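These protein sequences, in sequence, are chains A and B.
Residue numbers for the first sequence follow the numbering used here, so the first one is 22 and each next one is one higher.
Residue numbers for the second sequence follow the numbering used here, so the first one is 22 and each next one is one higher.
For each residue, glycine too, the CB sits at the ideal point set by N, CA and C.
The structure under discussion appears below in the form of structure tokens.
Protein chains: 2
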Amino acid sequence: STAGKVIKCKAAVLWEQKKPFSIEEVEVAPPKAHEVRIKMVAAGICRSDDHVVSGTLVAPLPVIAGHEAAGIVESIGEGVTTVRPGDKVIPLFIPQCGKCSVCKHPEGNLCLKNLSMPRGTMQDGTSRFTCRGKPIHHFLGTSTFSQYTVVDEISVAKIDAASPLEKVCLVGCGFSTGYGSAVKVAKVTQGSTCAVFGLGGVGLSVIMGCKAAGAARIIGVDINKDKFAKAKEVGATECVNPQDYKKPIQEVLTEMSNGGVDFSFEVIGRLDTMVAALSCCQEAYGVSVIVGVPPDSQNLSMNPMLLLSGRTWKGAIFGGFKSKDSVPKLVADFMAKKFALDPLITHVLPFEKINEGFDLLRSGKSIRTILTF
Amino acid sequence: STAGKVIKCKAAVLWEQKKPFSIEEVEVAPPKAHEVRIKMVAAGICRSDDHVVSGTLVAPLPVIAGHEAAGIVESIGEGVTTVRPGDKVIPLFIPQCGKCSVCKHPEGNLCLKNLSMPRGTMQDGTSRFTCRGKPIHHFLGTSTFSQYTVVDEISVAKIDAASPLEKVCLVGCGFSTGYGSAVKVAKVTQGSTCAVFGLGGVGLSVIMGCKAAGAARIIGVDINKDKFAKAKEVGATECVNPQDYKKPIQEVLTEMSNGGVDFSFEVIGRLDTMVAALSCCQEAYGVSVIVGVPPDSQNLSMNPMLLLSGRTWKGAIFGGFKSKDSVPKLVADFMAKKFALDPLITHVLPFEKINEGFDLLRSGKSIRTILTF
Ligand SMILES: NC(=O)c1ccc[n+]([C@@H]2O[C@H](COP(=O)([O-])OP(=O)(O)OC[C@H]3O[C@@H](n4cnc5c(N)ncnc54)[C@H](O)[C@@H]3O)[C@@H](O)[C@H]2O)c1
Ligand SMILES: NC(=O)c1ccc[n+]([C@@H]2O[C@H](COP(=O)([O-])OP(=O)(O)OC[C@H]3O[C@@H](n4cnc5c(N)ncnc54)[C@H](O)[C@@H]3O)[C@@H](O)[C@H]2O)c1
Ligand SMILES: C[C@H](CCC(=O)O)[C@H]1CC[C@H]2[C@@H]3[C@H](O)C[C@@H]4C[C@H](O)CC[C@]4(C)[C@H]3C[C@H](O)[C@]12C
Ligand SMILES: C[C@H](CCC(=O)O)[C@H]1CC[C@H]2[C@@H]3[C@H](O)C[C@@H]4C[C@H](O)CC[C@]4(C)[C@H]3C[C@H](O)[C@]12C
Ligand SMILES: [Zn+2]
Ligand SMILES: [Zn+2]
Ligand SMILES: [Zn+2]
Ligand SMILES: [Zn+2]
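Structure, rendered in structure tokens:
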């Protein structure tokens, strides 16, 4: 079949910052030892993929981006034991080698084999993609905006064969990150007051986790008032737009919560909202979690007295989940109806319309657009 | 005999920043409702009292500083029920009203009735001290650099009648703060690697707590190498002087710990060491606690990606302990030989030689100087 052969297929190649993805033919090499070649079925558009196009994130170009997705194994290289041809899988943008000291720690999830922004390759340092005869870089070891991709085994998890890939691709990034940020990283408590800054796909998933944790109050914060209705549908008890007030938003949230909230989340990616989210939590016992990706080459300025009083400030990737252990469990929980993903899906488009999906996100009109291959 | 009447005694008044304390005759009013007048027996010289003199901390002047101390109750105002004349007590620079949101919270200890720097008075907004035809401000509700002081009842804890006050005054600030920072705020784990920046009285107490928690490695960091022998006596496994290295201290500690420490503590009061302490903790699961007091009105600058990878940054006052509940317990623990205080006392002087005590601290030769009244 195609096993052992170079596959020619369609992919979305980003050749330059601030330009449209180029949908064109690429050559995908067969998998080497401990690698998995996957036929993609659905991919979501995450704001971090847009960060590569705007320069917010600096990744080596040209590149095949995409990290929130699901597909079916087409073939495996020598030594693969955790997946087989025909299995439904989700690529893991943070790997889980299971042997490093972070993988063995009870709370860490940033596996030391992670391939972050500067490392635009597979684990062996090379690429499996060619376009117009030129080598193309990988992204986060996943590169899912392609009809076929090749990933390292520690970067892929087998999931339930009955799951709907057009929905569960969100477990690869958006949903898990927000939900885990509330239930695992902040460990929101029953009856608490939470403030969530940013009501995109990840922020809505933080609201779902605060509601599942039993929070009594969930204040959504966004400058785009069109995001409020969906936020309330999934759990927000109130929504506030910072542009409607004469005072800084942290002052407004502190007054609203009678002294500061128990848990706050920054799910935007701005330095001023990271500082405001910290400030609006209660000065002695509040907890603030940074989920948004800050702008490249910019430092945050803050008064350390905000921490000395007793606040906890922390960040996390992928909701704190150890990726290969958690993604299959999250898909099984979805199959058991333990959470819902339809509230995050506002648009469905064929993969070929990827640029239209990115323009929907940039214009503020969508939450998650799912691309179907 | 002195109950209900003004007491004329000596106190150390600070009339101007960067000047010596003046031992002067002051008038101490009798205690009003729910107030306790205390005969001081011993007071420790903490670097935060020196911060008032240097301008690192801004407090309304003139002022009677002092907040680490122990004494005996001389008289009680109307309604007092938790202490009686003749009881040994430790003034609490952070109160425990028992009724506010923080006091009712399981982890929080900055009671909403705390009198911080701008609030140079008793709880009722007035002063009990007069000197040279003028009212003198209080400091942290305690003002212990006086033969007699008056404190609100939510700011005083009764302790064991057989307690050695010349030693347990350190439970009023340095010891408790450092020890709690490790065992209650950071919750140091057995077998972990800790880094302690600053080896003064509070840093040595942090080392005592990390050793009590079973850390496997405790790295003391100080630019004054004369502080290393005592740090190793109380538990440090190694000491490093940043001046001996070409690289910044956070990189040195990251290498020493093969990727970052589990727990780091800033116990100095500098913006750059607060950022260095956060950077030297492990990027996915490290915890950094800010204990030092930074300079007034100055923000720090940092890369938020230090937190997005998974680090936790927090600060705490008085080791996270709820004060009225914890001070008597810590004194009982001292009487039962659960911890030691002599390692922190390097010098003893009469109260009349307070300026010499501050000169000792500023010269780098002392850890804690205990003043006897
Ligand atoms: N930590 C992680 O593992 C991880 C995973 C996913 C996404 N992310 C990051 O999380 C952030 C959210 O991702 P997303 O896909 O939900 O994005 P999104 O663009 O869909 O949502 C961002 C929301 O922030 C709102 N917003 C923008 N500026 C604002 C301001 N100044 N004040 C208040 N609201 C404002 C926008 O209106 C929008 O609704 C991004 O920075 C993304 O890169 C981090
Ligand atoms: N959070 C609280 O509740 C609390 C309570 C007590 C004290 N404090 C603060 O804790 C800090 C320590 O107090 P202390 O009484 O132990 O003070 P201290 O002056 O005895 O000790 C500070 C130590 O830091 C060292 N130091 C200075 N600059 C340094 C540098 N660049 N690198 C490495 N080491 C350096 C000094 O040599 C010294 O040994 C002070 O800022 C004080 O205000 C906070
Ligand atoms: C996981 C996320 C992209 C996925 C997404 O945001 O949707 C990426 C974007 C920026 C990345 C971070 C930046 O490259 C900065 C850091 C680089 C270090 O080598 C690892 C942690 C580090 C903090 C990275 C962790 C993780 O790879 C990040 C946070
Ligand atoms: C407790 C400590 C003084 C005693 C000690 O340092 O030894 C004092 C010095 C500076 C004070 C801090 C500063 O006044 C800044 C903040 C003021 C807020 O109103 C309470 C928290 C706040 C963060 C204060 C908490 C506490 O009163 C501090 C931290
Ligand atoms: Zn993402
Ligand atoms: Zn690993
Ligand atoms: Zn209280
Ligand atoms: Zn002190």
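Discussion item. Quick check: is any heavy atom of ligand 2 less than 7 Å from the C-beta of residue 316 (chain B)?
Written reply: no
Discussion item. Which residue marks the beginning of the beta strand (DSSP E) containing residue 371 (chain B), and which one marks its end?
Written reply: 366-371
Discussion item. Taking the alpha-carbon of residue 101 (chain A) as reference, which of A:172, A:130 and A:126 has the nearest alpha-carbon?
Written reply: A:172
Worksheet item: Does ligand 2 have a heavy atom nearer than 7 Å to the CB of residue 246 (chain B)?
Response: no
Worksheet item: Mind pulling the beta strand (DSSP E) runs of 3 or more residues that sit fully within the stretch 97-141 of chain B?
Response: 109-112
Item to complete: On a CA-only basis, which of A:237, A:151 and A:174 is nearest residue 162 (chain A)? Give me that one, please.
Response: A:174
Worksheet entry | CB of residue 115 (chain B) within 8 Å of CB of residue 329 (chain A), strictly | no
Practice prompt. May I ask which residues mark the beginning and end of the alpha helix (DSSP H) holding residue 375 (chain B)?
Written response: 375-384
Discussion item. Please enumerate, following chain order, all residues with a beta carbon closer than 7 Å to at least one heavy atom belonging to ligand 7.
Written reply: B:116, B:117, B:118, B:119, B:120, B:121, B:123, B:124, B:132, B:133 and B:134
Practice prompt. Scan the stretch 123-143 of chain B for residues whose Cβ lies nearer than 7 Å to a Cβ of chain A and list them as they occur along the chain.
Written response: 123, 126, 128, 129, 130 and 131
Practice prompt. Would you mind telling me which residues of chain A sit closer than 8 Å to residue 332 (chain B), beta carbon to beta carbon, in chain order?
Written response: 335 and 336
Discussion item. Below 7 Å, is the gap between the Cβ of residue 69 (chain B) and the nearest heavy atom of ligand 4?
Written reply: yes
Worksheet entry | the stretch 189-206 of chain A in contact with the stretch 304-315 of chain A per 3-pair CB rule at 8 Å | yes
Discussion item. I want to know whether the stretch 25-36 of chain B touches the stretch 74-90 of chain B - three or more CB-CB distances under 8 Å.
Written reply: yes
Discussion item. Could you compute how far the alpha carbon of residue 374 (chain A) sits from the alpha carbon of residue 48 (chain A)?
Written reply: 21 Å
Worksheet item: Taking the Cβ atom as the reference point for each residue, do residue 349 (chain B) and residue 179 (chain B) lie within a distance shorter than 8 Å?
Response: yes
Worksheet item: Since residue 297 (chain B) is in the alpha helix (DSSP H), which residue starts that stretch and which ends it?
Response: 292-301
Worksheet item: Is the Cβ of residue 277 (chain A) closer than 8 Å to any Cβ of chain B?
Response: no
Item to complete: With hydrogens ignored, establish whether the beta-carbon of residue 287 (chain B) is closer than 7 Å to any heavy atom of ligand 8.
Response: no
Fill in: Closer than 8 Å to chain B by CB, residue 304 (chain A)
yes
Discussion item. Considering only their Cβ atoms, is the gap separating residue 143 (chain B) from residue 56 (chain B) smaller than 8 Å?
Written reply: yes
Discussion item. Any beta carbon of chain A sitting closer than 8 Å to that of residue 75 (chain B)?
Written reply: no
Discussion item. For chain A, check one thing: does any of its Cβ atoms lie closer than 8 Å to the Cβ of residue 240 (chain B)?
Written reply: no
Worksheet item: Comparing the C-beta of residue 81 (chain A) with each C-beta of chain B, is any distance below 8 Å?
Response: no
Fill in: Cβ shell of residue 274 (chain A) (< 7 Å), same chain only, five flanking positions each side left out
216, 240, 282 and 301
Practice prompt. Could you spell out where the beta strand (DSSP E) holding residue 241 (chain A) opens and where it closes?
Written response: 238-242
Practice prompt. Go ahead and pull the three-state DSSP assignment for residue 286 (chain A).
Written response: strand
Worksheet item: Do residue 234 (chain B) and residue 209 (chain B) have their C-beta atoms closer together than 8 Å?
Response: yes
Worksheet item: Given that a residue counts as buried once 16 or more other Cβ atoms are within 10 Å of its Cβ, and exposed if not, what is residue 146 (chain A)?
Response: exposed
Worksheet entry | residue 375 (chain B) CB to nearest heavy atom of ligand 3 below 7 Å | no
Worksheet item: In terms of residues, what are the limits of the beta strand (DSSP E) holding residue 198 (chain B)?
Response: Here residue 198 (chain B) belongs to no beta strand (DSSP E); instead the alpha helix (DSSP H) covers 195-201.
Worksheet item: How would you list, in chain order, the residues of chain A whose beta-carbon sits under 9 Å from the beta-carbon of residue 311 (chain B)?
Response: 325, 328 and 329
Worksheet item: What is the residue span of the beta strand (DSSP E) that residue 67 (chain B) lies within?
Response: Here residue 67 (chain B) belongs to no beta strand (DSSP E), and DSSP marks it neither H nor E.
Fill in: Cβ-based neighbour list, residue 199 (chain B), same chain, cut-off 6 Å, excluding 5 preceding and 5 following
223, 226 and 227
Worksheet entry | residue 291 (chain A) beta carbon near ligand 1 (any heavy atom closer than 7 Å) | yes
Worksheet item: Can you round the beta-carbon distance between residue 364 (chain B) and residue 246 (chain B) to whole angstroms, since I take them to be within the 8 Å contact cut?
Response: Not a contact, Cβ separation roughly 18 Å.
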